[PDB]
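A quick write-up on the structure given underneath.
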Protein chains: 2
Amino acid sequence: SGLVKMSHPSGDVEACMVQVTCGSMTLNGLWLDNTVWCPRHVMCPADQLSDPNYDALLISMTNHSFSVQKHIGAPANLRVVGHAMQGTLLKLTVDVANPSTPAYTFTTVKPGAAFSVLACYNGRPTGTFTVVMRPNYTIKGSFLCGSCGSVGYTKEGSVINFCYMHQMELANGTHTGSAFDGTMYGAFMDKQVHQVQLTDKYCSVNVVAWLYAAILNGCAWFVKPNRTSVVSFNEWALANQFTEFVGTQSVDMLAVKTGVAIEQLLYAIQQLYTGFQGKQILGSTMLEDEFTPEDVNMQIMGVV
Amino acid sequence: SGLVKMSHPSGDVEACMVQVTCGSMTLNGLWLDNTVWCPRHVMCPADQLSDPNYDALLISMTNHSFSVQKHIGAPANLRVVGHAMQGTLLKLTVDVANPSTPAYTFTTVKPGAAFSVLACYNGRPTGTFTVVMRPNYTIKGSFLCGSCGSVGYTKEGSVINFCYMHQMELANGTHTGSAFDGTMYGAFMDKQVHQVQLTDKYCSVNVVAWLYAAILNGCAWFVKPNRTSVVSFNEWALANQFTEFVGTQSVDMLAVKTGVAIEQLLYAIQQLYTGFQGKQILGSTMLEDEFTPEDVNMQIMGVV
Ligand SMILES: *C(=N)[C@H](C[C@@H]1CCNC1=O)NC(=O)[C@@H]1C[C@@H](C(F)(F)F)CN1C(=O)[C@@H](NC(=O)OC)C(C)(C)C
Ligand SMILES: *C(=N)[C@H](C[C@@H]1CCNC1=O)NC(=O)[C@@H]1C[C@@H](C(F)(F)F)CN1C(=O)[C@@H](NC(=O)OC)C(C)(C)C
């Protein structure tokens with residue numbers, strides 16, 4: 001038992017991290033098969049970051065403008081034999097296929113979904129943590145200068161689903177990056193100009209999963225017979241900075257195991273959102289929305 | 001910027017995990033050089049777990065009573081050529097030295113200290129998270145059947161300091177394990193009998209580090225000129241379920257960078273411990289004590 005902020009083991013992804021350098025700029029890249037992905041702003045001089053012309057930067061480069069080095073594990077310098085831009089990312093083709101390429105897919109995550117991040121500097125992993133894609137299409141990470149190209153991913157069995165490449169910090173503790181189609185989460189621009197963000201909201205479905213996790217760990221003081229329908233809750237949520245609730249099979253399994261209906265926990269949220277009044281749930285005095293239904297099913301019941 | 005629950009990259013330790021089987025019992029072990037460490041209760045039949053005689057169990061075993069298998073990465077079956085007991089752990093000598101043994105030390109952590117845990121089942125890593133050794137010598141983990149032998153560790157540079165091998169769950173979400181001298185944290189017995197725990201307390205020095213992290217991320221509404229001396233705070237702490245505060249160089253660096261004295265934050269704790277009254281600090285409505293001064297210095301300032 002117990003519910004914690006859990007990340008995937010990072011070793012499989014550590015074996016794919018490289019350092020990418022373009023002139024005076026350096027960051028991290030992801031080496032899969034014969035391709036190295038990295039943020040395109042590695043091509044931009046500091047003095048042009050406020051108004052880059054990435055199309056012009058790209059044509060000013062040759063294959064030799066990029067240097068790709070693997071430091072950790074099996075060391076190596078990889079020769080770039082091709083270069084292309086896709087959205088906010090570069091795709092560098094290298095002459096050697098990564099012998100440690102895992103089974104992988106590329107996916108784009110949705111608000112409320114959780115993924116593991118491997119934070120790296122100079123091609124060297126330094127930490128791992130789990131984030132939730134916020135309703136305003138940012139993440140609340142921990143990233144310093146040089147962290148771009150750090151990757152986020154989920155895992156289904158042995159398959160790694162890469163979903164995030166770190167790009168920028170929009171405000172204190174507020175970050176965004178690209179999916180591997182090159183689209184920036186939240187459509188923010190990789191240019192150094194202030195860009196307003198939407199207000200953050202509570203992820204209602206994750207709050208429900210966490211309340212179920214509480215029931216499963218012996219904490220149910222907030223469960224009453226009262227119920228609020230999904231439709232009624234969703235009108236309320238839009239007026240109170242909560243996301244609209246969408247049920248899933250994963251949530252249904254928790255309702256079955258506990259015998260507590262989703263609608264009872266929606267009612268509870270409407271009472272608890274103003275404060276627990278000295279009471280606590282799983283050691284917290286506020287609603288927690290960083291645990292997904294899938295995370296709860298996995299940690300508490302072993303079920304995937 | 002940003003402060004999150006961060007763990008070390010786990011790849012170096014993943015390469016050291018094995019499965020250890022003794023009869024009908026199986027769990028994880030740690031393979032370093034020619035030694036495999038694992039919990040001694042792998043020798044105990046389920047029907048004797050409430051009153052084991054580990055000295056008698058050990059003499060009833062031969063080297064062949066243990067089977068050690070590595071599943072992930074470089075697979076292998078390791079032949080046991082020696083077996084010994086140290087405290088609550090077994091030390092099995094195997095015929096092959098782990099070619100991926102990192103530089104390592106063994107250390108015993110203190111309340112308030114944080115470490116990374118690699119949770120494993122059947123010799124296969126499944127997740128990683130960071131815990132703090134609680135003042136009552138438990139950890140708040142996430143562990144299911146089969147998780148014993150999962151390891152906790154810190155890292156100083158490239159050196160891994162192993163400090164924890166998972167042994168048991170004492171209550172919901174409440175865990176303990178061994179240091180690698182074989183001593184159980186909190187002196188709990190590896191026998192299946194209820195064992196009372198001391199009450200948990202807030203780790204005051206980590207609360208101070210987190211308040212400094214708040215100041216560094218633009219949040220200082222709780223800072224006032226008022227001060228409380230360490231001596232005065234420590235008498236108060238013993239009456240209010242807080243640990244006694246011990247300053248360190250790591251804390252002093254945060255006081256210097258922010259210009260806010262430790263004694264100002266000790267006063268703040270005495271006002272905030274009853275509730276923030278609708279206000280928030282780093283997105284929380286309660287004091288947080290899972291971030292150490294070292295963690296804060298590292299994540300926010302890059303400094304080790
Ligand atoms: C990649 N190494 C960094 C990561 C950034 C550094 C501080 N904390 C982080 O997460 N990425 C950048 O520096 C980008 C690159 C430039 C651009 F995005 F291409 F324009 C500027 N970057 C920013 O992150 C800026 N943020 C911003 O302009 O938001 C509108 C700041 C943080 C001002 C450099
Ligand atoms: C190792 N695989 C497990 C881990 C345990 C399982 C449930 N969640 C966990 O963290 N360890 C055990 O099952 C130990 C082994 C026995 C003994 F410690 F050697 F006696 C019993 N174990 C327990 O954890 C028991 N806890 C206990 O008796 O506390 C006093 C329970 C959880 C009742 C099996």
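Lettering and numbering for the structure tokens are positional, with chains as A, B, ... in the shown order, residues counted from 1 in each chain, and ligands counted from 1 in the shown order.
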
Where does chain A meet ligand 1 within 10 Å, residue by residue, with the nearest atom pair and distance in Å to one decimal for each, counting only C-alpha atoms and all ligand atoms, listed by chain and rising number, as a tab-separated table?
residue	atom	partner	partner_atom_place_in_ligand_line	distance
A:25	CA	ligand 1	2 (N)	9.3
A:26	CA	ligand 1	2 (N)	8.0
A:27	CA	ligand 1	2 (N)	6.0
A:28	CA	ligand 1	2 (N)	8.2
A:39	CA	ligand 1	19 (F)	8.3
A:40	CA	ligand 1	19 (F)	7.9
A:41	CA	ligand 1	19 (F)	4.9
A:42	CA	ligand 1	19 (F)	8.1
A:43	CA	ligand 1	19 (F)	9.5
A:44	CA	ligand 1	19 (F)	7.6
A:45	CA	ligand 1	16 (C)	9.7
A:46	CA	ligand 1	16 (C)	8.1
A:48	CA	ligand 1	20 (F)	8.9
A:49	CA	ligand 1	20 (F)	5.1
A:50	CA	ligand 1	20 (F)	6.2
A:51	CA	ligand 1	20 (F)	8.2
A:52	CA	ligand 1	20 (F)	8.1
A:88	CA	ligand 1	19 (F)	9.1
A:120	CA	ligand 1	2 (N)	9.6
A:121	CA	ligand 1	2 (N)	8.3
A:122	CA	ligand 1	2 (N)	9.7
A:141	CA	ligand 1	10 (O)	8.0
A:142	CA	ligand 1	10 (O)	7.3
A:143	CA	ligand 1	10 (O)	4.5
A:144	CA	ligand 1	8 (N)	4.1
A:145	CA	ligand 1	6 (C)	4.0
A:146	CA	ligand 1	2 (N)	3.6
A:147	CA	ligand 1	2 (N)	4.2
A:148	CA	ligand 1	1 (C)	3.6
A:149	CA	ligand 1	1 (C)	7.2
A:150	CA	ligand 1	2 (N)	8.7
A:166	CA	ligand 1	1 (C)	7.0
A:167	CA	ligand 1	11 (N)	5.1
A:168	CA	ligand 1	24 (O)	3.2
A:169	CA	ligand 1	24 (O)	4.0
A:170	CA	ligand 1	29 (O)	4.0
A:171	CA	ligand 1	29 (O)	6.9
A:172	CA	ligand 1	8 (N)	8.5
A:173	CA	ligand 1	8 (N)	8.2
A:174	CA	ligand 1	10 (O)	8.0
A:175	CA	ligand 1	10 (O)	6.0
A:176	CA	ligand 1	10 (O)	7.9
A:177	CA	ligand 1	10 (O)	9.1
A:188	CA	ligand 1	30 (C)	7.9
A:189	CA	ligand 1	18 (F)	7.0
A:190	CA	ligand 1	18 (F)	3.9
A:191	CA	ligand 1	20 (F)	3.2
A:192	CA	ligand 1	28 (O)	3.4
A:193	CA	ligand 1	30 (C)	4.7
A:194	CA	ligand 1	30 (C)	4.2
A:195	CA	ligand 1	30 (C)	5.1
A:196	CA	ligand 1	30 (C)	8.3
A:197	CA	ligand 1	30 (C)	9.8

Name all residues at most 12 Å from residue A:278 (count only C-alpha atoms; drop same-chain ones fewer than 4 positions away) and give them as a ChimeraX atom specification. /A:272,274,283-286 /B:273-278,285-286

Nearest to ligand 2, chosen from B:140, B:83, B:224, B:71, with only C-alpha atoms and all ligand atoms counted in the distances: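 Looking at the shortest contact to ligand 2, the residue is B:140.
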
Residues within 6 Å of residue A:119, only C-alpha atoms, excluding chain neighbours under 6 positions, as a list in words: residues 125, 126, 127, 128 and 150 of chain A

Could you save those same residues with C-alpha atoms as a short mmCIF file (atom, residue, chain, number, x, y, z; two decimals), in the first residue's frame?
data_model
loop_
_atom_site.label_atom_id
_atom_site.label_comp_id
_atom_site.auth_asym_id
_atom_site.auth_seq_id
_atom_site.Cartn_x
_atom_site.Cartn_y
_atom_site.Cartn_z
CA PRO A 125 20.88 12.58 -17.05
CA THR A 126 20.64 14.25 -13.66
CA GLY A 127 17.13 13.56 -12.34
CA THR A 128 13.74 12.11 -13.05
CA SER A 150 15.16 16.53 -21.88
#

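The interatomic distance for the pair atom CA of residue B:295 and atom CA of residue B:236 works out to 26.1 Å.
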
Between B:153, B:184, B:11, B:131, which one has atoms that come closest to ligand 2, using only C-alpha atoms and all ligand atoms? B:184

What is the atom CA of residue A:242-atom CA of residue A:200 distance in Å, reported with one decimal?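 Going from atom CA of residue A:242 over to atom CA of residue A:200 covers 8.8 Å.
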
Suppose you want the space between atom CA of residue A:227 and atom CA of residue A:266; what is it in Å? 7.0 Å

Every residue of stretch 26-67 of chain B that DSSP places in helix (DSSP H, G or I), as JSON, numbers by chain: {"B": [40, 41, 42, 43, 46, 47, 48, 54, 55, 56, 57, 58, 59, 63, 64, 65]}

What does the file look like for those residues with N, CA, C and O atoms, as a PDB file, in the first residue's frame?
ATOM      1  N   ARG B  40      16.648 -11.465   4.610  1.00  0.00           N
ATOM      2  CA  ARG B  40      16.756 -12.841   5.107  1.00  0.00           C
ATOM      3  C   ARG B  40      15.397 -13.553   5.175  1.00  0.00           C
ATOM      4  O   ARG B  40      15.367 -14.793   5.194  1.00  0.00           O
ATOM      5  N   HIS B  41      14.286 -12.820   5.193  1.00  0.00           N
ATOM      6  CA  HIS B  41      13.005 -13.517   5.283  1.00  0.00           C
ATOM      7  C   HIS B  41      12.684 -14.324   4.040  1.00  0.00           C
ATOM      8  O   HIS B  41      11.697 -15.053   4.053  1.00  0.00           O
ATOM      9  N   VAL B  42      13.500 -14.229   2.983  1.00  0.00           N
ATOM     10  CA  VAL B  42      13.313 -15.128   1.846  1.00  0.00           C
ATOM     11  C   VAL B  42      13.473 -16.581   2.271  1.00  0.00           C
ATOM     12  O   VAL B  42      12.973 -17.481   1.596  1.00  0.00           O
ATOM     13  N   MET B  43      14.154 -16.829   3.384  1.00  0.00           N
ATOM     14  CA  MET B  43      14.321 -18.196   3.865  1.00  0.00           C
ATOM     15  C   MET B  43      13.142 -18.705   4.686  1.00  0.00           C
ATOM     16  O   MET B  43      13.120 -19.895   5.033  1.00  0.00           O
ATOM     17  N   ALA B  46       5.939 -19.264   4.824  1.00  0.00           N
ATOM     18  CA  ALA B  46       4.832 -18.390   5.202  1.00  0.00           C
ATOM     19  C   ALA B  46       4.272 -18.751   6.574  1.00  0.00           C
ATOM     20  O   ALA B  46       3.929 -17.864   7.365  1.00  0.00           O
ATOM     21  N   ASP B  47       4.191 -20.047   6.883  1.00  0.00           N
ATOM     22  CA  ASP B  47       3.566 -20.485   8.126  1.00  0.00           C
ATOM     23  C   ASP B  47       4.429 -20.225   9.357  1.00  0.00           C
ATOM     24  O   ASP B  47       3.947 -20.429  10.476  1.00  0.00           O
ATOM     25  N   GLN B  48       5.679 -19.788   9.189  1.00  0.00           N
ATOM     26  CA  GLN B  48       6.538 -19.465  10.316  1.00  0.00           C
ATOM     27  C   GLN B  48       6.874 -17.989  10.415  1.00  0.00           C
ATOM     28  O   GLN B  48       7.675 -17.608  11.274  1.00  0.00           O
ATOM     29  N   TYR B  54      15.710 -17.435  12.597  1.00  0.00           N
ATOM     30  CA  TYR B  54      16.553 -17.228  11.433  1.00  0.00           C
ATOM     31  C   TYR B  54      17.881 -17.952  11.548  1.00  0.00           C
ATOM     32  O   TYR B  54      18.414 -18.404  10.528  1.00  0.00           O
ATOM     33  N   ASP B  55      18.410 -18.110  12.767  1.00  0.00           N
ATOM     34  CA  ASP B  55      19.637 -18.877  12.925  1.00  0.00           C
ATOM     35  C   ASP B  55      19.424 -20.319  12.495  1.00  0.00           C
ATOM     36  O   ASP B  55      20.269 -20.909  11.816  1.00  0.00           O
ATOM     37  N   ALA B  56      18.277 -20.895  12.851  1.00  0.00           N
ATOM     38  CA  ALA B  56      17.987 -22.273  12.465  1.00  0.00           C
ATOM     39  C   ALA B  56      17.663 -22.374  10.979  1.00  0.00           C
ATOM     40  O   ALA B  56      18.048 -23.333  10.302  1.00  0.00           O
ATOM     41  N   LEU B  57      16.962 -21.381  10.434  1.00  0.00           N
ATOM     42  CA  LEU B  57      16.696 -21.408   9.004  1.00  0.00           C
ATOM     43  C   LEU B  57      18.000 -21.403   8.220  1.00  0.00           C
ATOM     44  O   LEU B  57      18.150 -22.156   7.251  1.00  0.00           O
ATOM     45  N   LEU B  58      18.956 -20.558   8.631  1.00  0.00           N
ATOM     46  CA  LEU B  58      20.208 -20.428   7.890  1.00  0.00           C
ATOM     47  C   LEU B  58      20.969 -21.753   7.841  1.00  0.00           C
ATOM     48  O   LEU B  58      21.458 -22.160   6.780  1.00  0.00           O
ATOM     49  N   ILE B  59      21.083 -22.440   8.983  1.00  0.00           N
ATOM     50  CA  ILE B  59      21.845 -23.684   9.009  1.00  0.00           C
ATOM     51  C   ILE B  59      21.150 -24.783   8.221  1.00  0.00           C
ATOM     52  O   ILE B  59      21.797 -25.757   7.826  1.00  0.00           O
ATOM     53  N   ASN B  63      24.265 -23.738  -0.256  1.00  0.00           N
ATOM     54  CA  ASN B  63      24.386 -22.757  -1.337  1.00  0.00           C
ATOM     55  C   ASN B  63      23.327 -22.990  -2.405  1.00  0.00           C
ATOM     56  O   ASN B  63      22.810 -22.036  -2.999  1.00  0.00           O
ATOM     57  N   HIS B  64      22.994 -24.258  -2.665  1.00  0.00           N
ATOM     58  CA  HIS B  64      22.037 -24.598  -3.708  1.00  0.00           C
ATOM     59  C   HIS B  64      20.598 -24.288  -3.324  1.00  0.00           C
ATOM     60  O   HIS B  64      19.718 -24.387  -4.186  1.00  0.00           O
ATOM     61  N   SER B  65      20.338 -23.914  -2.070  1.00  0.00           N
ATOM     62  CA  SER B  65      18.983 -23.553  -1.672  1.00  0.00           C
ATOM     63  C   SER B  65      18.541 -22.230  -2.272  1.00  0.00           C
ATOM     64  O   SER B  65      17.345 -21.935  -2.243  1.00  0.00           O
TER      65      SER B  65
END

Using only C-alpha atoms and all ligand atoms, what table do you get, as a tab-separated table, when you list each residue of chain A with an atom no more than 10 Å from ligand 2, its nearest pair of atoms, and their distance in Å rounded to one decimal, rows by chain then rising number?
residue	atom	partner	partner_atom_place_in_ligand_line	distance
A:1	CA	ligand 2	8 (N)	5.6
A:2	CA	ligand 2	8 (N)	8.5
A:300	CA	ligand 2	8 (N)	9.8

Using only N, CA and C atoms, please write the residues we just selected to a file, as a CSV table (one decimal), in the first residue's frame.
chain,number,residue,atom,x,y,z
A,1,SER,N,0.8,-1.2,0.0
A,1,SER,CA,0.0,0.0,0.0
A,1,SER,C,0.8,1.3,0.0
A,2,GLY,N,0.2,2.4,-0.1
A,2,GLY,CA,0.8,3.7,-0.2
A,2,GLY,C,0.7,4.3,-1.6
A,300,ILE,N,-1.9,0.7,-6.2
A,300,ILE,CA,-2.6,0.2,-5.1
A,300,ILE,C,-3.0,-1.3,-5.4

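For the residues A:264, A:86, A:240, A:7, ranking by smallest atom-to-atom distance to residue A:37 using only C-alpha atoms places A:86 first.
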
Give me, as a VMD selection string, the residues of stretch 166-234 of chain B that a backbone DSSP run labels strand (DSSP E). chain B and resid 166 to 171 174 to 178

Just to be explicit: take each residue in the selection above, keep N, CA and C atoms, and write the result as a JSON list (two decimals), in the first residue's frame.
[["chain", "number", "residue", "atom", "x", "y", "z"],
["B", 166, "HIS", "N", 14.32, -2.74, 1.10],
["B", 166, "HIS", "CA", 12.95, -2.79, 1.58],
["B", 166, "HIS", "C", 12.64, -4.13, 2.24],
["B", 167, "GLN", "N", 11.98, -4.07, 3.39],
["B", 167, "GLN", "CA", 11.67, -5.27, 4.16],
["B", 167, "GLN", "C", 10.19, -5.49, 4.46],
["B", 168, "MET", "N", 9.42, -4.47, 4.86],
["B", 168, "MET", "CA", 8.09, -4.75, 5.39],
["B", 168, "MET", "C", 7.22, -3.50, 5.35],
["B", 169, "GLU", "N", 5.92, -3.72, 5.49],
["B", 169, "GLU", "CA", 4.91, -2.67, 5.61],
["B", 169, "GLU", "C", 4.33, -2.78, 7.01],
["B", 170, "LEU", "N", 4.42, -1.69, 7.78],
["B", 170, "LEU", "CA", 4.02, -1.68, 9.18],
["B", 170, "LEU", "C", 2.59, -1.21, 9.39],
["B", 171, "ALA", "N", 2.03, -0.50, 8.41],
["B", 171, "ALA", "CA", 0.71, 0.09, 8.46],
["B", 171, "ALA", "C", 0.44, 0.58, 7.05],
["B", 174, "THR", "N", 3.03, 2.76, 5.13],
["B", 174, "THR", "CA", 4.10, 2.98, 6.09],
["B", 174, "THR", "C", 5.04, 1.79, 6.04],
["B", 175, "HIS", "N", 6.31, 2.06, 5.74],
["B", 175, "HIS", "CA", 7.26, 1.01, 5.38],
["B", 175, "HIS", "C", 8.57, 1.15, 6.14],
["B", 176, "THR", "N", 9.28, 0.04, 6.25],
["B", 176, "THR", "CA", 10.66, 0.11, 6.69],
["B", 176, "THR", "C", 11.50, -0.99, 6.04],
["B", 177, "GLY", "N", 12.80, -0.88, 6.25],
["B", 177, "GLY", "CA", 13.77, -1.76, 5.65],
["B", 177, "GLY", "C", 15.10, -1.64, 6.35],
["B", 178, "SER", "N", 16.12, -2.25, 5.76],
["B", 178, "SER", "CA", 17.42, -2.37, 6.37],
["B", 178, "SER", "C", 18.44, -1.44, 5.74]]
